[PDB]
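Novice: Input structure: target26.cif, which contains mmCIF, N, CA and C atoms and all ligand atoms.
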```
data_final
#
loop_
_atom_site.label_atom_id
_atom_site.label_comp_id
_atom_site.auth_asym_id
_atom_site.auth_seq_id
_atom_site.Cartn_x
_atom_site.Cartn_y
_atom_site.Cartn_z
N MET E 1 19.16 29.41 -11.66
CA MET E 1 19.06 29.46 -10.18
C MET E 1 20.16 30.37 -9.61
N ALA E 2 20.19 30.57 -8.28
CA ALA E 2 21.26 31.31 -7.62
C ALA E 2 22.62 30.61 -7.80
N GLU E 3 23.63 31.36 -8.26
CA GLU E 3 25.02 30.92 -8.49
C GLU E 3 25.18 29.69 -9.41
N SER E 4 24.25 29.50 -10.35
CA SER E 4 24.28 28.44 -11.38
C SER E 4 25.57 28.38 -12.22
N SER E 5 26.29 29.50 -12.37
CA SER E 5 27.54 29.61 -13.14
C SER E 5 28.78 29.87 -12.29
N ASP E 6 28.71 29.62 -10.98
CA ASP E 6 29.86 29.70 -10.07
C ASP E 6 30.72 28.41 -10.04
N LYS E 7 30.90 27.82 -11.23
CA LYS E 7 31.73 26.65 -11.53
C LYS E 7 32.85 27.06 -12.48
N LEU E 8 33.66 26.09 -12.87
CA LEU E 8 34.65 26.21 -13.95
C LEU E 8 34.23 25.42 -15.18
N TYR E 9 33.42 24.37 -15.02
CA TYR E 9 33.27 23.33 -16.04
C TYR E 9 31.79 22.95 -16.18
N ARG E 10 31.41 22.49 -17.37
CA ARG E 10 30.06 22.03 -17.73
C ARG E 10 30.17 20.78 -18.60
N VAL E 11 29.25 19.82 -18.45
CA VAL E 11 29.08 18.64 -19.31
C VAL E 11 27.59 18.36 -19.53
N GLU E 12 27.20 17.94 -20.73
CA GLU E 12 25.82 17.61 -21.07
C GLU E 12 25.74 16.89 -22.42
N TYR E 13 24.58 16.28 -22.68
CA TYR E 13 24.22 15.82 -24.01
C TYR E 13 23.74 16.97 -24.90
N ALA E 14 24.08 16.95 -26.18
CA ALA E 14 23.72 17.97 -27.16
C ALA E 14 22.32 17.73 -27.75
N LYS E 15 21.37 18.63 -27.47
CA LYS E 15 19.97 18.56 -27.97
C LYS E 15 19.86 18.92 -29.46
N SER E 16 20.72 19.81 -29.94
CA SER E 16 20.82 20.26 -31.33
C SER E 16 22.18 20.92 -31.61
N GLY E 17 22.53 21.08 -32.89
CA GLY E 17 23.84 21.55 -33.37
C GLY E 17 24.11 23.06 -33.22
N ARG E 18 23.51 23.72 -32.22
CA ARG E 18 23.58 25.18 -32.00
C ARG E 18 24.88 25.65 -31.33
N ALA E 19 25.61 24.74 -30.68
CA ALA E 19 26.92 25.01 -30.08
C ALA E 19 28.08 24.69 -31.04
N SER E 20 29.17 25.45 -30.92
CA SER E 20 30.37 25.33 -31.77
C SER E 20 31.63 25.21 -30.92
N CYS E 21 32.60 24.43 -31.40
CA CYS E 21 33.79 24.07 -30.64
C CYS E 21 34.78 25.25 -30.56
N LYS E 22 34.96 25.79 -29.36
CA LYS E 22 35.91 26.87 -29.05
C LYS E 22 37.37 26.42 -29.07
N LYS E 23 37.62 25.10 -29.16
CA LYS E 23 38.97 24.50 -29.13
C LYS E 23 39.47 24.06 -30.51
N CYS E 24 38.70 23.27 -31.28
CA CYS E 24 39.10 22.82 -32.63
C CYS E 24 38.40 23.58 -33.80
N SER E 25 37.59 24.59 -33.48
CA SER E 25 36.95 25.54 -34.41
C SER E 25 35.97 24.93 -35.42
N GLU E 26 35.48 23.71 -35.16
CA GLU E 26 34.36 23.07 -35.87
C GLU E 26 33.04 23.27 -35.08
N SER E 27 31.99 22.49 -35.39
CA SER E 27 30.70 22.52 -34.68
C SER E 27 30.33 21.16 -34.09
N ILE E 28 29.49 21.18 -33.05
CA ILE E 28 29.27 20.03 -32.17
C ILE E 28 28.03 19.23 -32.62
N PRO E 29 28.13 17.90 -32.85
CA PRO E 29 27.00 17.06 -33.24
C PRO E 29 25.92 16.95 -32.16
N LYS E 30 24.67 16.73 -32.59
CA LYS E 30 23.53 16.45 -31.70
C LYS E 30 23.37 14.95 -31.42
N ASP E 31 22.67 14.63 -30.33
CA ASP E 31 22.62 13.29 -29.73
C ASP E 31 24.04 12.72 -29.43
N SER E 32 24.92 13.59 -28.93
CA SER E 32 26.31 13.32 -28.55
C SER E 32 26.67 14.03 -27.24
N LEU E 33 27.86 13.80 -26.69
CA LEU E 33 28.34 14.36 -25.43
C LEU E 33 29.25 15.57 -25.67
N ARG E 34 29.07 16.64 -24.89
CA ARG E 34 29.83 17.89 -24.98
C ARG E 34 30.18 18.44 -23.61
N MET E 35 31.23 19.26 -23.57
CA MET E 35 31.73 19.97 -22.40
C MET E 35 31.88 21.46 -22.69
N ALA E 36 31.96 22.26 -21.64
CA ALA E 36 32.17 23.70 -21.71
C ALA E 36 32.98 24.21 -20.51
N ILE E 37 33.51 25.43 -20.64
CA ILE E 37 34.25 26.12 -19.57
C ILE E 37 33.55 27.42 -19.19
N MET E 38 33.55 27.75 -17.90
CA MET E 38 32.92 28.94 -17.35
C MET E 38 33.93 30.09 -17.29
N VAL E 39 33.77 31.08 -18.17
CA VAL E 39 34.62 32.29 -18.21
C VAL E 39 33.79 33.56 -18.01
N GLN E 40 34.37 34.55 -17.32
CA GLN E 40 33.78 35.89 -17.16
C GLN E 40 33.75 36.64 -18.50
N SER E 41 32.56 37.10 -18.91
CA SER E 41 32.35 37.64 -20.26
C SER E 41 32.69 39.12 -20.40
N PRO E 42 33.37 39.52 -21.50
CA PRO E 42 33.48 40.92 -21.89
C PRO E 42 32.17 41.55 -22.39
N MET E 43 31.17 40.73 -22.76
CA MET E 43 29.91 41.15 -23.40
C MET E 43 28.66 40.94 -22.53
N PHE E 44 28.72 40.04 -21.55
CA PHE E 44 27.63 39.67 -20.64
C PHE E 44 27.99 39.94 -19.17
N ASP E 45 26.98 40.17 -18.32
CA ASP E 45 27.13 40.57 -16.92
C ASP E 45 27.28 39.36 -15.97
N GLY E 46 28.23 38.47 -16.27
CA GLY E 46 28.45 37.22 -15.54
C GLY E 46 29.36 36.24 -16.29
N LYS E 47 29.22 34.96 -15.94
CA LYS E 47 30.01 33.83 -16.44
C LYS E 47 29.26 33.13 -17.58
N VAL E 48 29.97 32.77 -18.65
CA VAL E 48 29.42 32.18 -19.88
C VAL E 48 30.15 30.88 -20.28
N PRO E 49 29.46 29.90 -20.90
CA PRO E 49 30.06 28.62 -21.29
C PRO E 49 30.82 28.69 -22.63
N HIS E 50 32.05 28.18 -22.68
CA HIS E 50 32.80 27.97 -23.93
C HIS E 50 32.69 26.52 -24.36
N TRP E 51 31.79 26.22 -25.30
CA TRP E 51 31.45 24.85 -25.69
C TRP E 51 32.54 24.20 -26.54
N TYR E 52 32.69 22.89 -26.40
CA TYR E 52 33.54 22.05 -27.25
C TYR E 52 33.17 20.56 -27.08
N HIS E 53 33.66 19.72 -27.99
CA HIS E 53 33.50 18.25 -27.95
C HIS E 53 33.99 17.66 -26.61
N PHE E 54 33.48 16.49 -26.19
CA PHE E 54 33.91 15.85 -24.93
C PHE E 54 35.44 15.64 -24.86
N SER E 55 36.08 15.22 -25.96
CA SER E 55 37.53 15.01 -26.02
C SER E 55 38.32 16.33 -26.04
N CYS E 56 37.71 17.40 -26.56
CA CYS E 56 38.31 18.72 -26.67
C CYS E 56 38.53 19.42 -25.31
N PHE E 57 37.73 19.13 -24.27
CA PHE E 57 38.03 19.58 -22.90
C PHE E 57 39.46 19.20 -22.49
N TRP E 58 39.82 17.94 -22.74
CA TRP E 58 41.11 17.37 -22.37
C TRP E 58 42.25 17.83 -23.31
N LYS E 59 41.91 18.46 -24.45
CA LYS E 59 42.84 19.20 -25.33
C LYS E 59 43.08 20.63 -24.84
N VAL E 60 42.08 21.27 -24.20
CA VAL E 60 42.29 22.50 -23.40
C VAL E 60 43.17 22.19 -22.18
N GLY E 61 43.09 20.96 -21.65
CA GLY E 61 44.11 20.36 -20.78
C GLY E 61 43.98 20.70 -19.29
N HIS E 62 42.82 21.20 -18.85
CA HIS E 62 42.52 21.43 -17.43
C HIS E 62 42.36 20.10 -16.68
N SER E 63 42.81 20.06 -15.42
CA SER E 63 42.50 18.98 -14.47
C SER E 63 41.14 19.19 -13.81
N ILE E 64 40.55 18.09 -13.34
CA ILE E 64 39.31 18.08 -12.56
C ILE E 64 39.53 17.14 -11.37
N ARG E 65 39.27 17.64 -10.16
CA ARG E 65 39.68 17.03 -8.88
C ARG E 65 38.51 16.73 -7.93
N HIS E 66 37.35 17.35 -8.17
CA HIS E 66 36.05 16.99 -7.58
C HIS E 66 34.95 17.12 -8.65
N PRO E 67 34.92 16.22 -9.65
CA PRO E 67 34.18 16.42 -10.90
C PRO E 67 32.67 16.57 -10.75
N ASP E 68 32.03 15.87 -9.81
CA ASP E 68 30.59 16.01 -9.55
C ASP E 68 30.22 17.34 -8.85
N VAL E 69 31.23 18.11 -8.42
CA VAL E 69 31.10 19.48 -7.90
C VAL E 69 31.47 20.52 -8.98
N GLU E 70 32.58 20.30 -9.69
CA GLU E 70 33.17 21.28 -10.62
C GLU E 70 32.55 21.25 -12.02
N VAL E 71 32.12 20.07 -12.48
CA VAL E 71 31.43 19.86 -13.75
C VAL E 71 29.93 19.96 -13.51
N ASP E 72 29.42 21.15 -13.81
CA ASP E 72 28.00 21.44 -13.87
C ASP E 72 27.31 20.62 -14.98
N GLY E 73 26.07 20.18 -14.76
CA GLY E 73 25.29 19.39 -15.72
C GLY E 73 25.59 17.88 -15.71
N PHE E 74 26.66 17.45 -15.03
CA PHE E 74 27.01 16.04 -14.77
C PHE E 74 25.85 15.24 -14.15
N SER E 75 25.00 15.89 -13.36
CA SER E 75 23.79 15.31 -12.75
C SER E 75 22.74 14.84 -13.78
N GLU E 76 22.80 15.33 -15.02
CA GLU E 76 21.89 14.96 -16.12
C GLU E 76 22.40 13.75 -16.93
N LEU E 77 23.70 13.43 -16.84
CA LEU E 77 24.31 12.28 -17.52
C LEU E 77 23.82 10.95 -16.91
N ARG E 78 23.74 9.91 -17.75
CA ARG E 78 23.51 8.53 -17.31
C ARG E 78 24.79 7.89 -16.78
N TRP E 79 24.61 6.79 -16.04
CA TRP E 79 25.66 6.24 -15.19
C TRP E 79 26.94 5.91 -15.97
N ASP E 80 26.82 5.36 -17.18
CA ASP E 80 27.96 5.00 -18.04
C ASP E 80 28.80 6.21 -18.49
N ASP E 81 28.18 7.38 -18.63
CA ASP E 81 28.85 8.63 -19.00
C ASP E 81 29.41 9.33 -17.76
N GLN E 82 28.70 9.31 -16.63
CA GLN E 82 29.22 9.77 -15.35
C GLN E 82 30.50 9.01 -14.96
N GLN E 83 30.48 7.68 -15.06
CA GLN E 83 31.64 6.82 -14.80
C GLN E 83 32.81 7.10 -15.76
N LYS E 84 32.54 7.44 -17.03
CA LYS E 84 33.54 7.71 -18.06
C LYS E 84 34.12 9.11 -17.91
N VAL E 85 33.31 10.10 -17.55
CA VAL E 85 33.78 11.48 -17.27
C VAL E 85 34.65 11.48 -16.01
N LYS E 86 34.21 10.82 -14.92
CA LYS E 86 35.02 10.70 -13.69
C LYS E 86 36.29 9.87 -13.92
N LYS E 87 36.21 8.76 -14.65
CA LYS E 87 37.39 7.96 -15.04
C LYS E 87 38.36 8.77 -15.91
N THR E 88 37.86 9.56 -16.85
CA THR E 88 38.69 10.43 -17.71
C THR E 88 39.39 11.53 -16.90
N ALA E 89 38.75 12.08 -15.87
CA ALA E 89 39.35 13.06 -14.97
C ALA E 89 40.43 12.42 -14.09
N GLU E 90 40.23 11.17 -13.65
CA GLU E 90 41.25 10.39 -12.93
C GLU E 90 42.42 9.96 -13.83
N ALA E 91 42.13 9.68 -15.10
CA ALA E 91 43.07 9.26 -16.14
C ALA E 91 43.91 10.43 -16.72
N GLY E 92 43.58 11.68 -16.37
CA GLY E 92 44.27 12.88 -16.87
C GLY E 92 43.90 13.26 -18.31
N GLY E 93 42.72 12.86 -18.80
CA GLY E 93 42.18 13.24 -20.09
C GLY E 93 42.23 12.17 -21.18
N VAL E 94 41.29 12.27 -22.12
CA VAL E 94 41.26 11.52 -23.39
C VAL E 94 41.05 12.46 -24.58
N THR E 95 41.88 12.34 -25.61
CA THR E 95 42.23 13.45 -26.53
C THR E 95 42.05 13.15 -28.01
N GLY E 96 41.28 12.12 -28.35
CA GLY E 96 41.12 11.70 -29.74
C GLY E 96 40.23 12.61 -30.61
N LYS E 97 40.10 12.26 -31.89
CA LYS E 97 39.39 13.06 -32.92
C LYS E 97 37.87 13.17 -32.69
N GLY E 98 37.28 12.25 -31.92
CA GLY E 98 35.86 12.26 -31.58
C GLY E 98 34.93 11.86 -32.74
N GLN E 99 33.76 12.49 -32.79
CA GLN E 99 32.68 12.19 -33.75
C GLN E 99 33.00 12.64 -35.20
N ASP E 100 32.33 12.01 -36.17
CA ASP E 100 32.32 12.42 -37.59
C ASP E 100 31.19 13.43 -37.92
N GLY E 101 30.20 13.57 -37.03
CA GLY E 101 29.09 14.53 -37.12
C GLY E 101 29.50 15.95 -36.69
N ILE E 102 28.60 16.91 -36.92
CA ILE E 102 28.90 18.35 -36.85
C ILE E 102 27.72 19.24 -36.44
N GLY E 103 26.50 18.71 -36.41
CA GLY E 103 25.31 19.40 -35.88
C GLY E 103 24.01 19.16 -36.66
N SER E 104 24.03 18.33 -37.70
CA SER E 104 22.92 18.15 -38.65
C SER E 104 21.86 17.15 -38.17
N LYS E 105 20.63 17.26 -38.70
CA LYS E 105 19.55 16.28 -38.47
C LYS E 105 19.91 14.91 -39.05
N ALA E 106 19.62 13.84 -38.30
CA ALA E 106 19.87 12.44 -38.66
C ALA E 106 21.32 12.13 -39.09
N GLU E 107 22.31 12.76 -38.43
CA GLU E 107 23.74 12.65 -38.77
C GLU E 107 24.44 11.39 -38.23
N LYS E 108 23.73 10.55 -37.46
CA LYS E 108 24.21 9.29 -36.86
C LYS E 108 23.67 8.06 -37.59
ZN ZN D 1 36.33 19.99 -30.97
#
```
Please, can you express the file's structure as structure tokens?
Ligand SMILES: [Zn+2]
Specialist:
Amino acid sequence: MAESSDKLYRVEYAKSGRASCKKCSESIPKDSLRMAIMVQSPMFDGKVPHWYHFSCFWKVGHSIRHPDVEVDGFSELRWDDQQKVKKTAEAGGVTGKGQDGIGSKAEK
């Protein structure tokens, strides 16, 4: 849509293991929660997402101050994940090792 990437931040559930972590240099599991950052591309004519694990956003260490505005894709999350993403932004981040999965079929 118009100005779809005029944000800083993205959050969503992972449909498949096609995204890779720009922060811890591993790959992101499917049927799990992930975040990304909106950066101006050297290779593309606009803003592009830098994907990483949900905990890895808070290892990049950015603050979020109006999360339902700044975190694109938050509208697709269910209430328990919306409450946890907003609570994590109020809490100043959560930074643990996260999932044991990496992007494979039936990895849970
Ligand atoms: Zn990671």
Novice: Out of E:47, E:30, E:65, E:78, which residue has the shortest atom-to-atom distance to residue E:17 when counting all atoms listed in the file?
Specialist: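 Among E:47, E:30, E:65, E:78, it is E:30 that comes nearest to residue E:17.
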Novice: Closest to ligand ZN 1 (chain D) among E:13, E:74, E:79, E:57, using all atoms listed in the file?
Specialist: E:57
Novice: Which residue gives the smallest distance to residue E:52 among E:35, E:85, E:91, E:2, with all atoms listed in the file counted?
Specialist: E:35
Novice: Please indicate the distance in Å from atom CA of residue E:66 to atom N of residue E:23, rounded to one decimal place.
Specialist: 23.1 Å
Novice: Distance table requested - chain E against ligand ZN 1 (chain D), cut-off 8 Å, only N, CA and C atoms and all ligand atoms: one row per qualifying residue with the closest atom pair and its distance in Å to one decimal, ordered by chain and rising residue number, as CSV.
Specialist:
```
residue,atom,partner,partner_atom,distance
E:20,C,D:ZN1,ZN,7.0
E:21,CA,D:ZN1,ZN,4.8
E:22,N,D:ZN1,ZN,6.2
E:23,C,D:ZN1,ZN,5.2
E:24,N,D:ZN1,ZN,4.1
E:25,N,D:ZN1,ZN,5.4
E:26,N,D:ZN1,ZN,5.7
E:27,N,D:ZN1,ZN,6.7
E:28,CA,D:ZN1,ZN,7.2
E:51,C,D:ZN1,ZN,7.2
E:52,C,D:ZN1,ZN,5.0
E:53,N,D:ZN1,ZN,4.0
E:54,N,D:ZN1,ZN,6.6
E:55,C,D:ZN1,ZN,6.5
E:56,CA,D:ZN1,ZN,4.9
E:57,N,D:ZN1,ZN,6.9
E:97,C,D:ZN1,ZN,7.2
E:98,CA,D:ZN1,ZN,7.8
```
Novice: What separation in Å, quoted to one decimal, exists between atom CA of residue E:88 and atom CA of residue E:68?
Specialist: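 According to the coordinates, atom CA of residue E:88 and atom CA of residue E:68 are separated by 12.8 Å.
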Novice: With distances taken over only C-alpha atoms, which residue among E:29, E:67, E:101, E:73 lies nearest residue E:87?
Specialist: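 Once distances to residue E:87 are computed over only C-alpha atoms, the minimum belongs to E:67.
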Novice: Pick out the closest residue to residue E:61 from this set: E:39, E:18, E:89, E:44. Count only C-alpha atoms.
Specialist: E:89
Novice: Write out as a list in words all residues of stretch 64-107 of chain E that backbone DSSP assigns to helix (DSSP H, G or I).
Specialist: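 The helix (DSSP H, G or I) residues within stretch 64-107 of chain E come out as residues 67, 68, 69, 70, 74, 75, 76, 79, 80, 81, 82, 83, 84, 85, 86, 87, 88, 89 and 90 of chain E.
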Novice: Taking only C-alpha atoms into account, which of E:3, E:104, E:72, E:92 comes nearest residue E:34?
Specialist: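 Checking each of E:3, E:104, E:72, E:92 against residue E:34, counting only C-alpha atoms, the winner is E:72.
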Novice: Check stretch 20-77 of chain E with DSSP on the backbone and list each residue it calls strand (DSSP E), as a ChimeraX atom specification.
Specialist: /E:33-40,47-53,71-72
Novice: Please provide the set of residues having any atom within 5 Å of residue E:12, restricted to only N, CA and C atoms, with same-chain residues fewer than 2 positions apart removed, written as a PyMOL selection string.
Specialist: chain E and resi 10+14+33-34
Novice: Quick one, how far is atom C of residue E:94 from atom N of residue E:42?
Specialist: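 Here the two named atoms are 28.3 Å from each other.
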Novice: When you look at residue E:9 with a cut-off of 6 Å (counting all atoms listed in the file), what residues show up, excluding the ones that are within fewer than 3 positions of it in the same chain? I need them as an MDAnalysis selection string.
Specialist: chainID E and resid 36:38 70:72
